[PDB]
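Residue numbers (PDB author numbering), protein chains in the order written: chain P, 2 to 115; chain C, 896 to 1007; chain F, 2 to 215; chain B, 1064 to 1081, 1093 to 1175, 1185 to 1245, 1254 to 1398; chain D, 146 to 309; chain Z, 672 to 839.
Below: the structure, in structure tokens.
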Amino acid sequence: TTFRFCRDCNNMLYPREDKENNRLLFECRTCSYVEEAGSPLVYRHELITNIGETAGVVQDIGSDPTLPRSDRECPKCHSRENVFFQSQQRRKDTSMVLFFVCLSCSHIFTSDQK
Amino acid sequence: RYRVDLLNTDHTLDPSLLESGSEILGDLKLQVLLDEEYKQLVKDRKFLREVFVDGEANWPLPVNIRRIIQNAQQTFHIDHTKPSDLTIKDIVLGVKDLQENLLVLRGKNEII
Amino acid sequence: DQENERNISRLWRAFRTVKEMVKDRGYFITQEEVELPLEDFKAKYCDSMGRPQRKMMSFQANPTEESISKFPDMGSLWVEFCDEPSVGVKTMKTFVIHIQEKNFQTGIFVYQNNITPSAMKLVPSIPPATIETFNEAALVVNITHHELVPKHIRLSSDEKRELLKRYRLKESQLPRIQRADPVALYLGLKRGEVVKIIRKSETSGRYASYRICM
Amino acid sequence: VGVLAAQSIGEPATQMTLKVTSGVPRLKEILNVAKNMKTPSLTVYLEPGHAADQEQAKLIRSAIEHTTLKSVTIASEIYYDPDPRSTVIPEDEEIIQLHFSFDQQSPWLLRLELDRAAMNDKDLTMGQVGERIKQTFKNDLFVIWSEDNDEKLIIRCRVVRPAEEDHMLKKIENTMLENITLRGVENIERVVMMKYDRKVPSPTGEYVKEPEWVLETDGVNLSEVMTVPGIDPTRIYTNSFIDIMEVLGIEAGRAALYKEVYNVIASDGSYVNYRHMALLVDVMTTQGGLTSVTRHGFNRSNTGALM
Amino acid sequence: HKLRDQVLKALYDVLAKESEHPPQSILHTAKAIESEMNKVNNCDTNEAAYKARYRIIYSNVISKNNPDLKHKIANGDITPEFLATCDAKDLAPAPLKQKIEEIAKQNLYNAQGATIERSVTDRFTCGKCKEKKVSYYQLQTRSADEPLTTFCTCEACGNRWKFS
Amino acid sequence: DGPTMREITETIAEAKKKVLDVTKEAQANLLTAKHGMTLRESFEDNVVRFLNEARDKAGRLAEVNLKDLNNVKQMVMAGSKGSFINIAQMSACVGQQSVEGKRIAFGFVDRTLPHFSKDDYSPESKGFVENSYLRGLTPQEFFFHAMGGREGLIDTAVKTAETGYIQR
Ligand SMILES: [Mg+2]
Ligand SMILES: [Zn+2]
Ligand SMILES: [Zn+2]
Ligand SMILES: [Zn+2]
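The following block contains the structure:
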């Protein structure tokens, strides 16, 4: 569902149809460059979204003070230090999931109990 | 609480409530009066049960009875021994006389 | 099932509401008749497999002896159930001419759906005969059986005049009621009539009031 | 009496407080109608023949709640399927031979995907929604669908034709999503059912708090909800008394209004006497229609120019 | 009769496609024709519900999941009952069935809504019922010079009153 | 009295324990997800219910301890002034402060007030004034108390003008 731009001039290729061989010609509209696409999927909606709970993992989260600290272990490095915080995707509908990130292994892991 | 029998058994009055209670045990006339009064009462019960559909009994109403009969007792010294000299005919006529002498709408016509 | 059963049951209940319309309007209908069961109704009015035939399902009716005894002037009424979802100008023209020919003064007409104004511009024709219109959707449920609706009854002109002379009003100080009111349309009354209203008060139980249909 | 009633209603409105509207603004709305909702709820009582059948109550809910494709569509995607009688998507072959046991169509597949829970919560098997859109058009759209027994629910549809098809399909599916009713009467939203009770007369002639289930909503409509099956048409009730007045006549209108005003002023600081409230209701309803006390409502009566 | 022979052709195709290729070809086409007559015992090309039930049974045979239904219909599952089943939600297969009841149970749970429950005490008595099941609230309504309102809510009968 | 004070303290402590248990269950993502309500709504309802029960229980405990020679008891059962909640708040516990039903919201991002780490829901962080008017308030609790009082004042200052108009 991503956009492929015309390499010859940076504009996204548009879906247009072979009138006889029946192929997906992503053609440029700016210039005349044409491209054959890979899959018959073109448009895509996703009427229900449920993603974004682990947002903004920067490489140096531990430099902030205001994040709390705990004593669970990273199940890659088993260091007893770690940082946890609430899910990032602030909807009225989200959960109490805690995402633990450890400074040692720089690795994220949750505590789901399904 | 309300049903009285003057010729049957089960709901018969104790005759020591009224000195003329023994001899009237058997009169058809007073029995008829009591029975029609009882029918009037049960019609009232059905009517109230269809107007206050829940069954709430406490309601705002005019002049209180309970204080009046209470101080009637405390004025005229009711006892536990003397049978009353009230007669059944007297009671059931007096209630209807008061029933009509209550007056909110003056007038003379059918609508009023 | 699909929509056939809903159509059958809706028509059945509309017929019930109809019938009790006419009954409390003062025309003489056997008490058993209004609770006629649905399967019996369909047995009376199925043609081939499930289709109801509304054209023959209409009926005439007669004022009661009592309603005549008080009200000296009501002729027979007559009801109608056209089968077209629209309303045909010639169809209602035949209807109103049939009312005129049979010498009827109150003509009950029921439409499936919308009425073109050409087929309803001449509704107020032929006085003193009056024509009344109804949707089945407006008749699928009897309005008066709702418990917030109090009892409504009609006033003769004589006792209305008596009422005015007693309470010393003059004919405009009464509280009003719209012509387009649902209960007003249920009773079918017109301008200048008085409806006595009996509702279940809470400080005296039973309480009287009157309205004017102006 | 009128001034007495007015003061007796006015002063305990001063010491009164400020989901559902209440308090000062609700009193202002119901005293100043203003046919605006902010809580257009209406309580629905079931048929007494269905006392406690939760499945029956849910069935009435599914009959009454308005639903469109938003309620049921999970995923929508578009496709270029060149073959009018075979599928580029591997899975959608059994569906093809089901519907093959009338050719001049664009080779531009539109695909839908639903939730089984969002179908059978409301007892919509997808068979009738497939034939529902089929009878919605019957002229322009092939509509092909799955079985209800599959693990994935898809609707196959193509436009028949006697270039540019991308945005026409976009507009068509937009209309699809928006406007096709499925079941239930419009202006009714998510409906919930509580477990109430009622001091019903006991068969031995007493009173008992016998429970029963009630349907409750968040929208308003009256001309249809009375007409649905399995319902008590008599005891239906709405907060928005203007619609009550319109459907039931102004007697029931003023009764509902009195109920509403008593509810508001008895949420706290009860009670005023009945007769004052009744007088306010009656002077507000004694014109054949509702008459708000505004700068214009009662003011534009045939009344003295000086007052 | 075209619909008759088409349903027969489909039935012969799906039973020949079974893993148990039945050497009793005449017996299985007898099963096919007897399913045809008991199927048309509903409407016999008079209503589209005949086609709908045809779709239901045809795709249930096809589905895989489940495949074992082919052997079960080949070795039993007396089809005059299977005209009158309508009972696709209770077949093909059991795990999907179990999924269906748990879906329905969760839906019924999510239907019924808010049930706030009014925490009580036992100190006051009811203004009407006169029993001690009393529940309250606090907030202050009027101006600052006075305390809270001390709202009351009986639960033996549902009464409301207030204390200053 | 000392022992009653000690019982008050342990009552509030076990209420805090119940709250912490609920928070653990919520953070472990298994909850009943109360019907008609969203997950966080259920969590908030449970915790507010627990805290108010704690306040009521403590206030009842103080009142039933209190001697018959206590004068505020003499007035309060003598009619005129005072209240059960007044006795409870002056001696046992203030209780959870309020800003329209919800407790004190994260005005600062992820926290109520800049003296705590982010993403807490323990009642002292979000505003349960555990303490009592005799002992005085820790300054955070003092601030939340100021919030609740301010809400009451502004509500009065608007309702008076609107009710005057609509009386006229
Ligand atoms: Mg004037
Ligand atoms: Zn280009
Ligand atoms: Zn690690
Ligand atoms: Zn009570």
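Positions of the beta carbon are idealized from the N, C-alpha and C atoms, including for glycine.
Using a Cβ-Cβ cut-off of 8 angstroms, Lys789(Z) counts as an interface residue toward chain P, since at least one Cβ of chain P sits closer than that to its own. In this structure, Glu137(F) places its C-beta atom within 8 angstroms of the C-beta atom of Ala15(F). Within the model, the alpha-carbon separation for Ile9(F) versus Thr204(F) is close to 45 angstroms. Separation of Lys1221(B) and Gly1275(B) (C-alpha to C-alpha, rounded to the nearest whole angstrom) is 23 angstroms. Cβ atoms of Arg55(F) and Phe82(F) come within 8 angstroms of each other, at about 4 angstroms.
Look at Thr1377(B): its beta carbon is at least 7 angstroms from all of the heavy atoms in ligand 1. Taking a 10 Å sphere around the C-beta of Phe1174(B), we find fewer than 16 other C-beta atoms and assign the residue as exposed. Residue range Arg961 to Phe971 is occupied by the alpha helix (DSSP H) that includes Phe971(C). Measuring C-alpha to C-alpha distances from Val1283(B) to each of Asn1270(B), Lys1102(B), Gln1128(B) and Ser1358(B) identifies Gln1128(B) as the nearest. Residues of chain F whose Cβ lies closer than 7 angstroms to the Cβ of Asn1004(C) are, in chain order, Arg167. Shown here, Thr95(F) sits in a helix according to DSSP, grouped into three states. Rounded to whole angstroms, the separation of the alpha carbons of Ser180(D) and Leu156(D) is 9 angstroms.
Neighbours of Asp949(C) in chain B, taken as residues whose beta carbon is under 9 angstroms from its own, are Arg1289, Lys1290 and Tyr1298 in chain order. DSSP places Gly819(Z) in the uninterrupted alpha helix (DSSP H) bounded by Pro810 to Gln838. Shown in chain order are the members of the segment 705-727 of chain Z whose Cβ falls below 8 angstroms from a Cβ of chain P: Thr709, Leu710, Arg711 and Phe714. In terms of beta-carbon proximity, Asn741(Z) stays away from the interface with chain D, with every pair separated by 8 angstroms or more. Taking 3 residues as the shortest admissible run, the segment 1265-1298 of chain B contains the following complete beta strand (DSSP E) segments, listed from N- to C-terminal end: 1283-1292. Assignment of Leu164(F) by DSSP, reduced to helix, strand and coil, places it in the helix class. Counting only the Cα atoms, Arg1289(B) lies some 38 angstroms from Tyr28(F). Annotation for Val743(Z): the continuous alpha helix (DSSP H) segment containing it runs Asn742 to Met748. Rounded to whole angstroms, the gap between the alpha carbons of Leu37(F) and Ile144(F) is 19 angstroms.
Exposure of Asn1354(B) is indicated by the presence of fewer than 16 other C-beta atoms within 10 angstroms of its C-beta. Residue pairing for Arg212(F): DSSP places it in a beta bridge opposite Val196(F).
Interface flag for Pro76(P) against chain Z is unset, since no Cβ pair is found closer than 8 angstroms. One thing to note: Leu26(P) has its Cβ no nearer than 8 angstroms to the Cβ of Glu1151(B). In this structure, the C-beta of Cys32(P) approaches ligand 2 to less than 7 angstroms from one of its heavy atoms.
The contact set of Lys201(F) on chain C, defined by CB atoms closer than 7 angstroms, consists of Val946 in chain order. In summary, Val1338(B) is buried, with 16 or more beta-carbon neighbours lying within 10 Å of its beta-carbon over all protein chains present. As the crow flies, the alpha-carbon of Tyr199(D) is around 18 angstroms from that of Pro238(D). Placement of the Cβ of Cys75(P) at a distance of 7 angstroms or more from every heavy atom of ligand 2 is found. Below the 7 angstroms Cβ cutoff, chain Z contributes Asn700 as neighbours of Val98(P), in chain order. For the pair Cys47(F) and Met57(F), the Cα-to-Cα distance works out to about 11 angstroms. In the structure shown, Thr107(F) falls within a strand segment according to DSSP collapsed to helix, strand and coil.
A contact is defined here as three or more CB-CB pairs under 8 angstroms, and the segment 759-770 of chain Z meets this definition with respect to the segment 725-740 of chain Z. Taking the Cα of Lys77(P) as reference, the smallest distance to any Cα among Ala56(P), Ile49(P) and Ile109(P) is reached at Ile109(P).
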